[PDB]
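Data block below; observations after.
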Amino acid sequence: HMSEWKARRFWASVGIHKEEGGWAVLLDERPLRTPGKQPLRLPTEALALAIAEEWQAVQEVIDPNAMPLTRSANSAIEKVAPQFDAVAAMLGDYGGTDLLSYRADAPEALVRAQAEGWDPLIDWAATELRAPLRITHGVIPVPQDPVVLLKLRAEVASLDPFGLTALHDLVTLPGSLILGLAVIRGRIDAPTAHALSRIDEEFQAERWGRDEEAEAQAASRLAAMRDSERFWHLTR
């Protein structure tokens, strides 16, 4: 009966302060902790200011959808930084299972649509990252070059922990390491990555009509990708 009471805005003031481990966000002069009670320490002033804005904006009760940056920072601290090596390997492994490699084999018009959108991104990764992926069509298998898989592993493992946290959903939601890397490396923005990731579903929708459930999911996945992109930029 008191669950919302516990989630109320019980603080008056919000500010920030730099500690040895990073920036803290202060609620009436007390550093915010994660839900697991770990110290919340942030890599940049910009992220601390933006998280402080989330906590200043709380009206009567804490609303987590209004606090996307807090949610990402909690994950960085509780999940990604302590599991960095594992998470980095997992994300890097999407190089071997990349959306952009697995083309349709039919109809012809879909093959062409996929190439128009995705071949520039393959080419970008080939030249910028020295990571040329192989593509295939339909059920024909093709393995990636072990050296390319290495390069993509190394690229992901080179990130800092909050940056890896930001990358995560930019990879997993569209199912593409290349699209995620293209966002964090500035080749495309998140709305463009989202659109590219949907070429098959939009081809089908233009032929057979839109599915409102699928469209609702895609819109929720765009806002999520925008939130990850924002977290990337704020943590530089």
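Going through the structure tokens in order, the chains are called A, B, and so on, while each chain numbers its residues from 1 and the ligands are numbered from 1 in the order shown.
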Backbone DSSP call of strand (DSSP E) for chain A, listed as an NGL selection string:
:A and (14-19 or 22-27 or 30-31 or 102-103 or 136-137)
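Omitting residue 7 in chain A and its sequence neighbours fewer than 4 positions away, and counting only C-alpha atoms, the residues within 12 Å are residues 1, 2, 3, 11, 55, 58, 59, 60, 61, 62, 63 and 64 of chain A.
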Using only N, CA and C atoms, please write the residues we just selected to a file, as a PDB file, in the first residue's frame.
ATOM      1  N   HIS A   1       0.821  -1.231   0.000  1.00  0.00           N
ATOM      2  CA  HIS A   1       0.000   0.000   0.000  1.00  0.00           C
ATOM      3  C   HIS A   1       0.843   1.264   0.000  1.00  0.00           C
ATOM      4  N   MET A   2       2.084   1.002   0.467  1.00  0.00           N
ATOM      5  CA  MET A   2       3.069   2.051   0.625  1.00  0.00           C
ATOM      6  C   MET A   2       4.161   2.024  -0.439  1.00  0.00           C
ATOM      7  N   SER A   3       4.017   1.147  -1.429  1.00  0.00           N
ATOM      8  CA  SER A   3       5.064   1.015  -2.452  1.00  0.00           C
ATOM      9  C   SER A   3       5.294   2.351  -3.166  1.00  0.00           C
ATOM     10  N   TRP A  11      13.386  13.933  -1.661  1.00  0.00           N
ATOM     11  CA  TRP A  11      14.502  14.865  -1.633  1.00  0.00           C
ATOM     12  C   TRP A  11      14.041  16.192  -2.194  1.00  0.00           C
ATOM     13  N   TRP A  55      16.563  13.105 -12.061  1.00  0.00           N
ATOM     14  CA  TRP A  55      16.151  13.075 -10.649  1.00  0.00           C
ATOM     15  C   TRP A  55      15.512  14.407 -10.208  1.00  0.00           C
ATOM     16  N   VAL A  58      11.646  14.416 -11.233  1.00  0.00           N
ATOM     17  CA  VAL A  58      10.693  13.556 -10.569  1.00  0.00           C
ATOM     18  C   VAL A  58       9.646  14.419  -9.898  1.00  0.00           C
ATOM     19  N   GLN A  59       8.394  14.093 -10.158  1.00  0.00           N
ATOM     20  CA  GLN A  59       7.270  14.849  -9.540  1.00  0.00           C
ATOM     21  C   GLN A  59       6.879  14.127  -8.290  1.00  0.00           C
ATOM     22  N   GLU A  60       5.867  13.365  -8.207  1.00  0.00           N
ATOM     23  CA  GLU A  60       5.364  12.751  -7.000  1.00  0.00           C
ATOM     24  C   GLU A  60       5.955  11.374  -6.844  1.00  0.00           C
ATOM     25  N   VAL A  61       6.222  10.678  -7.914  1.00  0.00           N
ATOM     26  CA  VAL A  61       6.732   9.314  -7.832  1.00  0.00           C
ATOM     27  C   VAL A  61       7.739   9.066  -8.966  1.00  0.00           C
ATOM     28  N   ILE A  62       8.771   8.279  -8.659  1.00  0.00           N
ATOM     29  CA  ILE A  62       9.793   7.904  -9.605  1.00  0.00           C
ATOM     30  C   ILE A  62       9.175   7.101 -10.725  1.00  0.00           C
ATOM     31  N   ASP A  63       9.421   7.534 -11.963  1.00  0.00           N
ATOM     32  CA  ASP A  63       9.022   6.999 -13.232  1.00  0.00           C
ATOM     33  C   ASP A  63      10.201   6.580 -14.129  1.00  0.00           C
ATOM     34  N   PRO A  64      10.485   5.272 -14.145  1.00  0.00           N
ATOM     35  CA  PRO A  64      11.714   4.794 -14.777  1.00  0.00           C
ATOM     36  C   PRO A  64      11.778   5.088 -16.269  1.00  0.00           C
TER      37      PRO A  64
END
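A straight line drawn from CA of residue 186 in chain A to CA of residue 129 in chain A is 12.6 Å long.
Among A:45, A:165, A:172, A:202, the residue with the shortest atom-to-atom distance to residue 114 in chain A, counting only C-alpha atoms, is A:202.
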Considering only C-alpha atoms, give me a table of residues in range 68-131 of chain A that are at most 12 Å from range 221-234 of chain A, with the closest atom pair and distance in Å for each, as JSON lines.
{"residue": "A:68", "atom": "CA", "partner": "A:227", "partner_atom": "CA", "distance": 6.7}
{"residue": "A:69", "atom": "CA", "partner": "A:231", "partner_atom": "CA", "distance": 6.5}
{"residue": "A:70", "atom": "CA", "partner": "A:231", "partner_atom": "CA", "distance": 9.8}
{"residue": "A:71", "atom": "CA", "partner": "A:227", "partner_atom": "CA", "distance": 10.1}
{"residue": "A:72", "atom": "CA", "partner": "A:231", "partner_atom": "CA", "distance": 7.4}
{"residue": "A:73", "atom": "CA", "partner": "A:231", "partner_atom": "CA", "distance": 8.6}
{"residue": "A:75", "atom": "CA", "partner": "A:231", "partner_atom": "CA", "distance": 11.7}
{"residue": "A:76", "atom": "CA", "partner": "A:231", "partner_atom": "CA", "distance": 10.6}
Written file, previous selection with N, CA, C and O atoms, as a PDB file, in the first residue's frame:
ATOM      1  N   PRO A  68      15.831   7.162 -18.481  1.00  0.00           N
ATOM      2  CA  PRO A  68      16.556   6.178 -19.275  1.00  0.00           C
ATOM      3  C   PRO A  68      18.060   6.146 -19.028  1.00  0.00           C
ATOM      4  O   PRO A  68      18.712   5.095 -19.182  1.00  0.00           O
ATOM      5  N   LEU A  69      18.629   7.281 -18.682  1.00  0.00           N
ATOM      6  CA  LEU A  69      20.071   7.360 -18.460  1.00  0.00           C
ATOM      7  C   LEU A  69      20.449   6.708 -17.141  1.00  0.00           C
ATOM      8  O   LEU A  69      21.462   6.035 -17.035  1.00  0.00           O
ATOM      9  N   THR A  70      19.613   6.927 -16.105  1.00  0.00           N
ATOM     10  CA  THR A  70      19.804   6.194 -14.852  1.00  0.00           C
ATOM     11  C   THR A  70      19.744   4.699 -15.085  1.00  0.00           C
ATOM     12  O   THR A  70      20.581   3.943 -14.552  1.00  0.00           O
ATOM     13  N   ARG A  71      18.773   4.236 -15.877  1.00  0.00           N
ATOM     14  CA  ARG A  71      18.622   2.833 -16.184  1.00  0.00           C
ATOM     15  C   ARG A  71      19.887   2.287 -16.868  1.00  0.00           C
ATOM     16  O   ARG A  71      20.339   1.189 -16.515  1.00  0.00           O
ATOM     17  N   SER A  72      20.433   3.014 -17.827  1.00  0.00           N
ATOM     18  CA  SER A  72      21.660   2.595 -18.506  1.00  0.00           C
ATOM     19  C   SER A  72      22.859   2.602 -17.592  1.00  0.00           C
ATOM     20  O   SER A  72      23.686   1.692 -17.632  1.00  0.00           O
ATOM     21  N   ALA A  73      22.981   3.614 -16.736  1.00  0.00           N
ATOM     22  CA  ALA A  73      24.098   3.664 -15.799  1.00  0.00           C
ATOM     23  C   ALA A  73      24.028   2.543 -14.786  1.00  0.00           C
ATOM     24  O   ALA A  73      25.060   1.945 -14.439  1.00  0.00           O
ATOM     25  N   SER A  75      22.819  -0.399 -15.306  1.00  0.00           N
ATOM     26  CA  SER A  75      23.281  -1.595 -16.032  1.00  0.00           C
ATOM     27  C   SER A  75      24.779  -1.585 -16.240  1.00  0.00           C
ATOM     28  O   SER A  75      25.447  -2.590 -16.108  1.00  0.00           O
ATOM     29  N   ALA A  76      25.327  -0.418 -16.577  1.00  0.00           N
ATOM     30  CA  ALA A  76      26.775  -0.330 -16.741  1.00  0.00           C
ATOM     31  C   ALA A  76      27.481  -0.788 -15.473  1.00  0.00           C
ATOM     32  O   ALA A  76      28.454  -1.545 -15.492  1.00  0.00           O
TER      33      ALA A  76
END
Surrounding residues of residue 20 in chain A excluding itself and chain neighbours under 3 positions, 12 Å, only C-alpha atoms, as an MDAnalysis selection string
chainID A and resid 17 23:24 39 41:43
Nearest candidate to residue 116 in chain A (options A:155, A:208, A:196, A:182; using only C-alpha atoms):
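Of A:155, A:208, A:196, A:182, the one nearest residue 116 in chain A, counting only C-alpha atoms, is A:196.
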So which residues of range 53-171 of chain A fall under helix (DSSP H, G or I) by DSSP, listed as a VMD selection string?
chain A and resid 53 to 56 64 to 66 68 to 80 84 to 96 99 to 101 108 to 128 146 to 157 161 to 171
